Each structure stands twice: as C-alpha cells, then as structure tokens.
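Note sheet for the following structure.
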Number of protein chains: 2
Amino acid sequence: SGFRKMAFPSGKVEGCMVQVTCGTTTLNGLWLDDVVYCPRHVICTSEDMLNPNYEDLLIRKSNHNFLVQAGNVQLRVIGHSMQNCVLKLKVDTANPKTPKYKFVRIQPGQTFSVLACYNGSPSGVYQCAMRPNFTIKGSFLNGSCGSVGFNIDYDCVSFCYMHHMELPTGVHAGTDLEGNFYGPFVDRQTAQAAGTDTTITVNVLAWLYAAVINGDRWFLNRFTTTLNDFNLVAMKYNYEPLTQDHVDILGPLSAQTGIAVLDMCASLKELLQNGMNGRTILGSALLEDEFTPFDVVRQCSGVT
Amino acid sequence: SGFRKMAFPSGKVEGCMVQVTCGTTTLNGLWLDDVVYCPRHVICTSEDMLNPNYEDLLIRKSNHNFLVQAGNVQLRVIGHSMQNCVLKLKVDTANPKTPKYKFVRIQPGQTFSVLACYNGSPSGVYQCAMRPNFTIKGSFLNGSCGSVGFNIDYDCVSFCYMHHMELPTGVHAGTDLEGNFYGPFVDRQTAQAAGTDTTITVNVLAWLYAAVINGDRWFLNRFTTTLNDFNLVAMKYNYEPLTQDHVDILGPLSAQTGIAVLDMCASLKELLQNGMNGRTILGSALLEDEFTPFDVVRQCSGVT
Ligand SMILES: O=C(Cc1cccc(Cl)c1)Nc1cnc2ccccn12
Ligand SMILES: O=C(Cc1cccc(Cl)c1)Nc1cnc2ccccn12
C-alpha cells in the first residue's frame with residue numbers, strides 16, 4: 001500500500017545524456033544510435049533569442065562548431081540538420097548504451113518522467129503530466145534545455161518530450177523528439193500565452209480509485225450521477241468533460257473496487273462542490289490529476 | 001523555476017538490483033562487489049513469520065538454497081551470514097556495475113530516493129523522508145522487500161535504507177544496510193506501534209523558502225517571532241521544536257531570500273494558526289515537510 005508520484009527508473013535515459021556546446025551556449029543532448037538530438041536554440045546567443053532566424057543562424061555553423069561531450073569523451077560530428085525545433089547532430093560513433101527506443105507524441109493529460117540534466121549530467125527524476133494546455137509544471141533551471149521526458153514499457157523507452165523553455169509565467173514548454181512544440185509555443189524570447197488549463201478529470205477519478213484501494217474511503221457517498229449532470233459540475237470547476245472513452249478506460253479500476261464510475265463521479269461532484277473540509281486523500285489536501293488510470297493500475301499491481 | 005519532489009537518477013542503483021529466492025520466497029537483493037544484501041525474512045515461510053527464530057531457520061539453509069539472479073544470469077553463492085536483520089550472501093563474482101558507495105544510517109527528517117523493485121527488476125523511483133517516528137510513507141507492494149533507499153553525491157551512492165515490511169497501519173519499516181531497523185520495529189508479523197509522528201519543522205521552513213524563491217510569497221507577513229514563542233506554536237501543532245542548529249542550517253536560504261529565519265517562522269506560525277484559506281503554496285494545499293534545506297538548495301541551484 002501507499003501511493004506516490006513515482007517516476008520510471010532513469011538508468012536507460014542517463015546512458016543517453018550528452019553535453020552540446022555551440023559557441024557560448026551549452027545545453028543537454030540525447031544520444032541515440034549515431035545521432036545526438038538537442039534544442040535548436042543551442043546555436044543562438046542572448047542577442048538573437050528575441051527573434052531568431054534559425055535557418056540563417058545555422059548556416060554560419062559547421063559540424064566542428066558543435067561540441068558534443070559524453071561524460072569525458074568527445075564525439076566527432078559528421079553531419080548536422082534541423083528538423084522543426086531540434087538539431088540532429090550525426091556523430092561517427094553509435095551510443096553503446098542506446099536502449100530499445102521509440103519517439104512518441106503524447107496526448108495532453110498523459111504522464112511521463114523527466115530526467116532533469118545540466119551540462120549533460122543528470123540531477124534528478126520526477127513524474128509529471130502534459131497539461132491540457134500543453135505546458136508542463138516541471139522543475140527546471142537555466143541550462144536544463146534538452147532534458148527529456150519519457151515512459152518505459154518493459155525494455156523500451158518511449159521518448160515523448162524535450163525541454164526548450166520557461167515561459168514568463170514559470171511554466172515549461174518543449175517539443176516531441178521530431179522538434180514539434182507541444183502547444184502554440186515558439187522558440188523565441190517573446191511573451192506567449194499558454195491558454196486556459198483544465199483539471200484532467202479522468203486522472204482525478206483514477207486517483208480517487210487509488211485512494212479507495214489504499215484505504216482512504218471517507219469521500220465515498222450514497223449518491224450517483226449521470227455523465228451529463230457530472231459534466232455540468234466539471235464545466236463550473238474547469239474540469240475537462242468526462243466522456244464514455246474515459247469511463248471505459250476506468251473500467252479496470254471500477255472492477256477492482258466494485259465502485260461504478262458514475263458513483264465515483266458523484267463522490268467527485270460532492271468534493272468539488274463542498275471541498276475537502278480540512279481532510280486529506282492519499283496525503284493530499286487537493287484533488288490530484290497527474291496520475292492516469294494506467295499509472296494507478298501500474299503502481300497498484302507492481303509492473304517492472 | 002518550479003519545485004518538484006525530485007528523486008536522484010536511479011541508474012547506479014538499478015545496476016545493483018538482483019532477485020533472491022530461498023525456498024518459496026522471492027525478494028530483492030542489492031549486489032555490491034561480491035556481496036548480495038537482502039532482508040533476512042527471505043528464509044521464512046508464512047507459517048513462521050508470526051514468531052521466527054531466524055538463527056534456527058538459517059541453520060537449515062546452505063549456500064545452494066539461496067538462488068541469486070542478476071537479470072538472466074545466476075550468481076554462485078559461496079558464503080552466507082546474518083548481520084542483524086540482513087543476510088549477506090557472498091557470491092563468486094564482483095558486480096561489474098558496482099558504483100562508488102557507502103552505507104549510511106540517516107537521521108529522522110532526512111530525505112532519500114527509493115527504487116521500488118519486484119523480482120529484482122526496478123519499477124519506479126520516488127523521493128521520501130525518514131519520518132521523525134522512523135517510518136517511511138512509501139509505495140510498496142508484496143515482493144518489494146529488499147528495495148533500497150539512497151542518496152547520491154556526485155559519483156558516490158550512500159545507501160541508507162532497505163525495505164522490510166509494511167505495518168498493519170500501511171506505513172513502511174526497514175533497516176540500514178547493516179540490518180539495524182530504523183525505529184523500534186522487529187521483523188515479525190505482530191502488531192507494532194509506530195508512535196507519534198511529528199512534522200519536520202526545519203523542512204517546512206526550507207520549503208517556505210523554496211516557495212519564496214519560486215514566486216509564491218502570499219504567505220509572507222509583517223510579523224516576526226522568537227524561537228521560544230514559535231516553539232509553543234510548534235508544540236500545539238505537533239511540529240518538532242526548532243533549534244539554533246536548524247536556524248543555522250537554514251542560513252543559506254535566509255541569505256538568498258533576505259528573509260530572516262525568525263520572520264519565516266512568523267509566517268509559518270500564521271499558517272499553522274489560520275490555515276491556507278483555500279490557497280496553495282508550490283501547488284500544495286498543505287505544509288510540505290519532505291524537502292530538507294539541502295534538497296531546496298540542490299534543486300534551486302542544479303547540482304548534478
Ligand atoms: O527559457 C530558456 C531560454 C529560452 C528563451 C526563449 C526561448 C527559448 Cl526556446 C529558450 N531556457 C530555460 C529552460 N528552462 C528554464 C528554466 C529557467 C530559466 C531558463 N530556462
Ligand atoms: O510486510 C511484509 C511481509 C512481512 C511481514 C512481517 C514482518 C516482515 Cl519483516 C515482513 N512484506 C511487505 C513489504 N512491503 C509490503 C507492502 C505490502 C504488503 C506486504 N509488504
């Protein structure tokens with residue numbers, strides 16, 4: 001028992017982290033096979049970050065201008081190319097520590113682990129969610145760019161995120177491993193609107209089931225609701241509308257606890273309307289939304 | 001910016017995890033050099049867990065009865081011995097992935113990362129604190145025994161915890177790597193009192209400084225307090241008394257923010273007496289105590 005914001009073991013990703021320096025800028029890169037991936041803003045100086053012409057900036061750069069270091073060994077750069085907002089530096093040596101991997105574009109509301117890095121060295125690992133507004137509420141300092149987000153399925157690492165920037169609001173933005181930003185963000189030092197975020201309803205319900213599994217049942221009530229009635233409440237509280245797909249995904253948890261999804265929705269409705277009254281659920285005084293139904297099943301079943 | 005419950009990168013520890021089976025019981029072991037460490041209850045069956053005579057149970061076991069598997073290779077056991085509540089299985093092969101390591105006995109209120117494992121395979125990593133009452137509020141299922149807690153300082157892994165049991169109350173108990181339990185716990189299936197836990201005051205204050213560093217300042221007030229006055233409030237709210245050693249440890253954070261430790265104590269006093277009024281601090285609706293002053297400095301400075 002117990003329920004924690006658990007990250008995937010980071011070893012397979014630690015073996016891929018490298019340092020990429022171009023001119024005066026140093027950030028993190030991801031070495032997979034004979035390619036190093038990193039944010040394209042590694043080629044910028046602070047002067048041109050206001051409105052960079054990446055194509056023109058990259059033209060002034062040659063293979064020998066990209067210094068890639070893996071631990072204490074230097075990698076030889078034999079090719080460079082820009083794909084969207086990422087640079088792909090072809091190196092002459094395949095990473096011997098390359099795990100089985102995939103590049104995936106995750107959906108908002110899904111979760112992943114982040115290995116925060118500085119100068120190509122890992123500092124920590126934490127679990128987070130891609131917000132419905134495509135931002136992440138991470139923990140990153142200057143130099144963390146190029147740190148990646150990932151999920152692990154047995155021996156396969158699915159890389160889903162590469163860190164690029166911190167908005168003036170303190171939230172984080174980045175891309176998939178093809179360099180496409182999640183959300184409307186651009187890699188320029190300009191004010192950028194993140195847009196209204198919502199609470200991931202399906203994750204809150206998954207977490208309520210995790211609470212029941214781990215003994216926290218004070219919030220269960222004698223009521224039920226309908227999808228339509230619940231969604232009117234979700235609207236008022238900036239919760240994403242619950243759909244039959246979400247109910248279906250919660251099927252396994254509903255079966256394990258014997259609590260119908262709409263009965264759990266009525267518990268959630270009462271919590272939204274009345275608050276927690278000073279009580280906690282799984283050590284939290286707010287409704288947690290950064291655990292998917294899959295995360296709950298994984299943590300409560302012990303998938304390695 | 002941003003503040004997360006960040007764990008150490010788990011790679012160096014993943015390389016040490018093995019599966020230990022004795023008879024019908026399988027748990028995790030830690031392979032360092034030519035020794036595998038694991039909880040001594042691996043030699044028990046469910047029948048004798050009520051009141052085990054470990055000395056007598058271990059006598060019926062020989063080296064060949066301990067099956068140690070590292071991934072898919074079997075390790076050859078050439079020696080066994082019991083040290084307190086841990087078994088040390090001498091194997092004929094030194095772990096090639098053994099990191100630079102130390103065994104340390106951490107103090108209550110200190111933090112560490114846990115690599116939860118099942119059948120010798122890592123499933124997740126999370127950060128937690130040793131509670132003042134010597135329990136940990138982890139996330140563990142049956143089979144997680146032998147999973148370890150650790151801290152990393154540059155290239156050195158300081159192992160501080162090995163998981164042994166879950167109390168009927170759902171909290172976790174275990175030992176240092178010499179097999180000495182933290183707290184009054186015994187490795188028997190009997191009801192065991194954990195004792196009154198307190199909130200780690202120095203960690204709450206460290207986290208209040210982390211909030212100020214990251215922009216959350218709504219809780220700062222026009223008041224100050226004394227150690228004696230604050231401690232009367234800490235007493236009422238089951239907070240551990242704050243000492244000059246704790247004030248001293250908060251020195252770096254007080255210097256970075258320019259907020260005197262006793263002024264931060266007055267903010268904490270007002271939060272204890274008046275609650276949060278429905279507001280949050282660093283995404284939390286309660287006062288967080290599982291970040292030490294060292295953790296705050298590390299996360300806010302980017303130590304790799
Ligand atoms: O924000 C930037 C630089 C930058 C500016 C404008 C656009 C782009 Cl793509 C990059 N780096 C960064 C990443 N994460 C953090 C956390 C804190 C401070 C800085 N961080
Ligand atoms: O509690 C035990 C077995 C046991 C019983 C009595 C004493 C001792 Cl030392 C061990 N194993 C265990 C560890 N963590 C968990 C989580 C859940 C269920 C079981 N867990």
Side-chain angles (χ1 to χ4, degrees), chain A residues 1-15 17 97 113-128 136-144 152 154 166 169-172 214-216 275-276 278 280 283-287 290 295 298-304, chain B residues 1-15 17 97 113-128 136-144 152 154 166 169-172 214-216 275-276 278 280 283-287 290 295 298-304:
Chain A
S1 79
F3 209 70
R4 283 282 191 183
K5 198 67 70 68
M6 189 179 281
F8 285 103
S10 61
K12 287 157 174 299
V13 179
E14 295 173 48
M17 303 309 303
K97 295 183 194 143
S113 294
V114 171
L115 181 70
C117 293
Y118 299 90
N119 295 94
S121 295
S123 56
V125 56
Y126 59 87
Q127 183 79 352
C128 72
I136 82 171
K137 301 191 184 173
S139 174
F140 291 114
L141 303 171
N142 194 36
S144 64
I152 308 176
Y154 167 44
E166 181 171 276
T169 69
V171 300
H172 305 110
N214 291 275
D216 280 23
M276 325 252 310
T280 60
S284 179
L286 47 82
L287 301 164
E290 294 197 355
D295 294 344
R298 192 183 305 111
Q299 179 162 178
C300 298
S301 90
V303 170
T304 70
Chain B
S1 79
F3 209 70
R4 283 282 191 183
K5 198 67 70 68
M6 189 179 281
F8 285 103
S10 61
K12 287 157 174 299
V13 179
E14 295 173 48
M17 303 309 303
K97 295 183 194 143
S113 294
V114 171
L115 181 70
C117 293
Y118 299 90
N119 295 94
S121 295
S123 56
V125 56
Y126 59 87
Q127 183 79 352
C128 72
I136 82 171
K137 301 191 184 173
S139 174
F140 291 114
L141 303 171
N142 194 36
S144 64
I152 308 176
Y154 167 44
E166 181 171 276
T169 69
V171 300
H172 305 110
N214 291 275
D216 280 23
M276 325 252 310
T280 60
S284 179
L286 47 82
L287 301 164
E290 294 197 355
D295 294 344
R298 192 183 305 111
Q299 179 162 178
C300 298
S301 90
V303 170
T304 70

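In what follows, chains carry the letters A, B, and so on, assigned in the order in which the sequence lines appear, proteins first and then strands, with residues in each chain numbered from 1. Below, all heavy atoms of this structure are taken into account, side chains as well, without hydrogens, waters or symmetry copies.
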- Proximal component of A:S284, with respect to chain B [non-hydrogen, under 4.5 Å]: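 The answer is the backbone of A:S284.
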- Is it the backbone or the side chain of A:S144 that comes under 4.5 Å from a heavy atom of chain B, or both, or neither?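 A:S144 has no heavy atom closer than 4.5 Å to chain B.
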Contact part of [X] toward chain A, heavy-atom cut-off under 4.5 Å: side chain, backbone, both or neither?
X      : answer
B:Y118 : both
B:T280 : side chain
B:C128 : both
B:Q299 : both

- Mind ranking B:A285, B:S123, B:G120, B:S1 by heavy-atom pairs under 4.5 Å with chain A and telling me who comes out on top?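 Among B:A285, B:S123, B:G120, B:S1, the one with the most close pairs to chain A is B:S1.
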- Message: I need the residue from A:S139, A:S301, A:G11, A:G2 with the largest number of non-hydrogen atom pairs under 4.5 Å to chain B.
- Response: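 If we count pairs closer than 4.5 Å to chain B, A:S139 comes out on top.
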- Pairwise distance CE(B:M17) to OG1(A:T304) - rounded to 0.5 angstrom: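 Answer for the CE-OG1 pair, B:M17 versus A:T304, is 11.5 Å.
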- Task: Evaluate salt bridge (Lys or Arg N to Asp or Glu O under 4.0 Å) for A:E290 paired with B:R4, printing each intermediate quantity in order.
- Result: CA-CA 13 Å; A:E290 294 197 355; B:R4 283 282 191 183; 2.9 Å; yes
- Query: Do you know which two heavy atoms are closest between B:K5 and A:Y126, and how far apart they sit?
  - Reply: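 Minimum heavy-atom separation between B:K5 and A:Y126: O-CB, 4.1 Å.
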- Task: State, to 0.1 Å, how close A:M6 and B:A116 come at their nearest heavy-atom pair, and which atoms those are.
- Result: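 Taking every non-hydrogen atom into account, CE-CB, 4.5 Å.
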- What residue among B:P9, B:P122, B:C117 forms side chain to side chain contact (heavy atoms under 4.5 Å, CB included) with A:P9?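 Per the side chain to side chain contact (heavy atoms under 4.5 Å, CB included) rule, the option paired with A:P9 is B:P122, out of B:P9, B:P122, B:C117.
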